[PDB]
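Here the structure is laid out as structure tokens; the discussion comes afterwards.
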Amino acid sequence: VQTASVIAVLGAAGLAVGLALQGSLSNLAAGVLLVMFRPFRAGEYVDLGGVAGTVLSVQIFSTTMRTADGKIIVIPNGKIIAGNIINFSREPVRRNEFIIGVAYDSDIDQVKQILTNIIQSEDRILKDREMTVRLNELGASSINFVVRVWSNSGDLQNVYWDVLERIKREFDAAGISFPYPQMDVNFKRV
Amino acid sequence: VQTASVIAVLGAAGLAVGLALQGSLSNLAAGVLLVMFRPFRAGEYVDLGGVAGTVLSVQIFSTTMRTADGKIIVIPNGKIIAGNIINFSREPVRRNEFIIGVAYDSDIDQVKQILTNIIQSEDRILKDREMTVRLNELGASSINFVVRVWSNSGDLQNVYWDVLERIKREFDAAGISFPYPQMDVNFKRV
Amino acid sequence: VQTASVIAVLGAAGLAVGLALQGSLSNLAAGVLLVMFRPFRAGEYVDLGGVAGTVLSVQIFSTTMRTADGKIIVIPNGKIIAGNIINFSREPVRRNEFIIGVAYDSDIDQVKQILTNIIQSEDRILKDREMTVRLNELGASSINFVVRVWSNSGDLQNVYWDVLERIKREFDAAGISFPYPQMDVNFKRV
Amino acid sequence: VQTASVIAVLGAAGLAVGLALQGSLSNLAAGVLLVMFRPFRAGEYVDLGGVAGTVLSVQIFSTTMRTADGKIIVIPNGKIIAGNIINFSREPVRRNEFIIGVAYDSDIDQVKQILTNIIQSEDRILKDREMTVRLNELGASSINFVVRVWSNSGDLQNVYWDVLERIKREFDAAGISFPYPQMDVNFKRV
Amino acid sequence: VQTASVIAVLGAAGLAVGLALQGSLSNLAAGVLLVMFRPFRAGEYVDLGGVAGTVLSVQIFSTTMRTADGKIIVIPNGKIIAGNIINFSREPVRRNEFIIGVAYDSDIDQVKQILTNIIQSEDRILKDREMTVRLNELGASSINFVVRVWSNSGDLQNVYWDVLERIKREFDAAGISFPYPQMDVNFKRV
Amino acid sequence: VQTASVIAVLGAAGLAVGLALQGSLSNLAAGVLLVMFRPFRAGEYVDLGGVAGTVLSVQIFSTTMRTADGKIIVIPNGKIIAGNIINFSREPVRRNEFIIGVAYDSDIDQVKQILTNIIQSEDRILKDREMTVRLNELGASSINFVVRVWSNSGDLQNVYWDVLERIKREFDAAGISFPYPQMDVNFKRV
Amino acid sequence: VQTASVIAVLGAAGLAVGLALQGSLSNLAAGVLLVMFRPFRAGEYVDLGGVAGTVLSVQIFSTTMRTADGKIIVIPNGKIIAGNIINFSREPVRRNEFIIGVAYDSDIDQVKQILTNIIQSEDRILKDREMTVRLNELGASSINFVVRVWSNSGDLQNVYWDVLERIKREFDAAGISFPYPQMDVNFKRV
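Residue numbers (UniProt numbering), protein chains in the order written: chain L, 91 to 280; chain Y, 91 to 280; chain U, 91 to 280; chain W, 91 to 280; chain C, 91 to 280; chain B, 91 to 280; chain H, 91 to 280.
Written out as structure tokens, the structure is:
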């Protein structure tokens, strides 16, 4: 009959209902934020929360995306806002990174010259950007050269594959050897 | 006799009861949201939060699923909406990935040609989609080729197994060798 | 003498008491939810939160389980619902997974035939379900075959052990060899 | 002079004081909960929150335990109730696990027979419980047998040590060899 | 018709809406905080949340950064405030670290002298700062020296590459050898 | 002019200020709790939060401690009461652990006898407590024996060092050999 | 027109704004707390939350530090108090730790005598503090000795480097050898 216990228990029930809606309400707020700022739109290859693919559509509660191999992934908007966004289509030009390990005894300037010839021969490589072919690091078993090449995002993978194959062919022709993991022993007969 | 301490303690009890219901209320809210949006329904092979299988049924509090090995798992809906969900039946066609390591001295174009012949021989491979047979990377002990092949989700595993067996047979016939991890030594008698 | 500071401090004390009860109230709510939905009952092998065993009984505050080796573990219900739950007795039939590594030179179809003969010989194997014996993958030092066998949950371990022993004996008899990790070396005296 | 700002600021101070007491109040609530259900008492070997030892006494704020090496550890009761806690004194009988690696060429049934003789020789081994001596797994360099033996909790360690020593002596006497990590090499003179 | 249930339910709805806005409001507060303290501004190379790049622009809700390879990353301001932020352009001069591993029998003072000559030869090295060339550590297979060189941020990478190439050339000329992973063996042929 | 918006906004500001003080108030509450239970007092060797050393003094907000190497660490009391604390000085006697790896062919009982003689010779070892010298584990390359020795906390490290040196000397004198990592090869000329 | 819905929605907006300011207000409270206790001050080398350097200045919202190599780091104060803080400059004298691995056959007391002579010869070593030169442990491939040396914080690194170089030179002169990773083989011709 008291008017205080009833209002207290209804307030407790209301806060419980709010805490229940918590997940869905947070996700829908995240989704409406995403749509009204549109950092990324449907149909462009991107990466969200560590998983990459083309987003088919974005919904109020979550988003639907398809990776390269055909996985259909539904990601709740809360994680998109919590996580990072890695957009690919925003920049038409990107950069490929080749790491080539060669033997210690192999000539240095010869490798740089042949790599420069290879990259200059390729036409899909953006010549305006830097053509980086430098001795990167002195590895445990082989010295590693680094190659940074800028090219359009559309033909990035094809450029990578063609450059790698040409590198293999030219290295085989020129006698430069890709070394297996080296190691040396010391015999001690007992 | 005071009417303020009693209402205060009843309010504290009510908020405590709400915080008690927290887990069950959140889980049931997530479950009803999933039911009323239905990213996936019962009877399709999917993966939730890292565990995969066929969902037998979905309940208000959690969901029941069977792993490929007959394992029965109940997953709370709160973690489902908090986690990532991926579906297999949504996309009828998926893509298999083969990674084949071959010795450095092995011929390059011959391997590509024989792999293309193998994939063309198979009929369950979708001809409309791409057939990527390219050099992928120069590994420490062997050069790795990548093969990306699209096929229907129903027969994906069978296509994978048959392609792998045919690859093994053809490589053995053609003399191409799968190399063991190479090592280099340098004798130093003391 | 003020009637506002006193009600404020009593309200603060009440919310503090609620936040104190937080753990016990959440755990008891979780336990009552479990008992009134009974996803699992007492006396059947299960796995909660990564630790597995047979539950002796379930209480309002936590649950009591006995591990295979005899560990007595009491698990709070809150983390039981927070984490996943695995059940064994729900599905009377499960699937065993054998992975067998063999040398590259070993015959392929002979191994498949002998494995099929072995699994056919065993009677506890459920013949209605699939009996997969396929080349699974090309390992670094040995090709690994996969065997999937469906059998009743009661005799799963015994079937596994008997199949493994028979595999060992038949492989020894037939000349098939389990290869040790294979390396290859290149001598170059200095 | 306003009566609303003062009550508002005192309420804010009260909730701040409650959030201050948060840790101590939660810990004492957990402690009293553990006291009045007493899943474990003082003086028996247990493992709480990943650290094992004999609990000396339990307090309202935390618990005091002594590790086997003499470390004195004080654990807050909140972490006690949060994580999994296990007891060893609850079950008078536990199970020891032996993993014995032997060479591929070693006789199978001979090892099983000698292990059965060893376990039958020991009297502290519970005869009623199972005596599992089966080929467990085919390891990379050796085949591993599993031995599961039930015995009283008090003499578990002594049984383990005596069984291990007898296993070593019997294996040395019978000619069974514990293999070192086996390696295979292939010479390539260049 | 009651005036208490309606206000209670509207208060619950309002707190639910606030908990929905939670993420957006926190992120916008973080962004405005960043704007009005400007720890970093657009167009300078920075590294936040573990990802590095040039800040193309800063928005109220998030920040847009271009990675060195051309990647576009959108980072919510909540991560910037919560995580650590690192700046490059704030300090015009930085320090390059070189770790060089040599043979155990190689001369010590000769290496230090040649390294000092190398660093003195370079002009972009800031001579006012220290030029640390000391025996750092006695590694498992080689002794490692550390070189610390201070130079302007603009030419840091070029200085690093040129110094490394000159180190390689001078070491080859002087006969100092970079040792492969050493490991000796003992023969106990049965 | 409204008297409701003003009280609402002042209440919001008050709860914001409470959330501001949250960390400092929690830390000071934890500190005063630790002071008034004093689980550890100033000037004793302890370990908390993964860092060990002697606490110089404890403050209301945090604590000041010095590591064995002279490091000065200030640790917030909140994380102290959140984590686990262990005290070296509480127990005057602790237990030292020795793990000794010996060859497979080495005599078993001889090693146990010589270790028992060594520990008997030492006087700082508490003879009342157990002195365990038993075979412990069958390693991949060497069998590991276990030694548990109880001694006063003051001379624990000195006892450890002296016992280790005596073990080394006695093993060298008696012909027992500490084996290098063993490994087996199988030549296969091609 | 109702006076209850308006106050409810304004209260919800106020709590939303409070939760928005939450991060910045918590950080500023942490910063002012640090200032008014000044556990560390500008210009002294310290380590906060895992990143080390000299703090240039401390602000209300965060702090600015420059690492050894010149990176500019902005650390929020909330993370500062959340994590540990260690001060190098508070204690004028610290302790360097050398670990020296030597062969099993090398003399024990000779190495200790050499190390004692080396540390005694050095003058920057604090003679009042202990000079620990003891056999630390029996490594897998080499026995490791530990050397603990106390010296002023200013010349700690120089003392370390000079001691290491002198150790190398003296060990080379005395014939003591730093062993490469040992390993043993067993020939098994097939």
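Backbone N, C-alpha and C fix where the C-beta goes; we use that ideal spot for every residue, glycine too.
CB contact below 7 Å: residue i versus chain C
i, result
"L/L123", "yes"
"residue 75 of chain H", "Because residue 75 of chain H is not part of the residues shown, which for chain H are 91 to 280, the question remains open."
Neighbour flag for residue i against chain B, beta carbons, 7 Å
i, result
"W/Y135", "no"
"W/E255", "yes"
"W/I162", "yes"
Any chain U beta carbon closer than 7 Å to residue i
i, result
"Y/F130", "no"
"W/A120", "yes"
"W/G104", "yes"
"residue 296 of chain W", "It is not possible to answer for residue 296 of chain W, since the shown part of chain W is limited to 91 through 280."
Three-state secondary structure (DSSP) of residue i
i, result
"C/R214", "coil"
"C/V96", "helix"
"Y/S243", "coil"
"W/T157", "coil"
"H/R279", "coil"
"Y/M221", "strand"
"H/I266", "coil"
"H/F188", "strand"
"H/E255", "helix"
"H/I150", "coil"
"U/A142", "strand"
"Y/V164", "strand"
"U/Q272", "strand"
Cutoff 7 Å: residue i Cβ touching any chain L Cβ
i, result
"Y/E181", "yes"
"Y/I190", "no"
"Y/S241", "no"
Test: residue i CB closer than 7 Å to a CB of chain H
i, result
"B/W251", "yes"
"B/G229", "no"
Burial state of residue i, where buried means 16 or more other Cβ atoms lie within 10 Å
i, result
"Y/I189", "exposed"
"C/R185", "buried"
"W/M126", "exposed"
"Y/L123", "buried"
"residue 302 of chain H", "The question about residue 302 of chain H has no answer here: the residues shown for chain H are numbered 91 through 280."
"C/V280", "exposed"
"W/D274", "buried"
"B/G265", "exposed"
"W/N234", "exposed"
"L/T93", "exposed"
"C/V91", "exposed"
Close Cβ partners of residue i (< 6 Å) along its chain, the five nearest in sequence each way excluded
i, result
"U/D137", "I176"
"Y/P166", "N117, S152"
"L/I215", "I209, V239, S241"
7 Å Cβ shell around residue i - same chain, five flanking residues per side excluded
i, result
"L/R156", "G143, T144, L146, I162"
"W/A120", "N167, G168, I170, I171"
Cutoff 7 Å: residue i Cβ touching any chain W Cβ
i, result
"B/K169", "no"
"B/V280", "yes"
"U/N174", "no"
Within-7 Å CB hit, residue i to chain Y
i, result
"U/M273", "yes"
"U/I97", "yes"
Residues that DSSP places opposite residue i in a beta bridge
i, result
"H/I175", "B/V164, H/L138"
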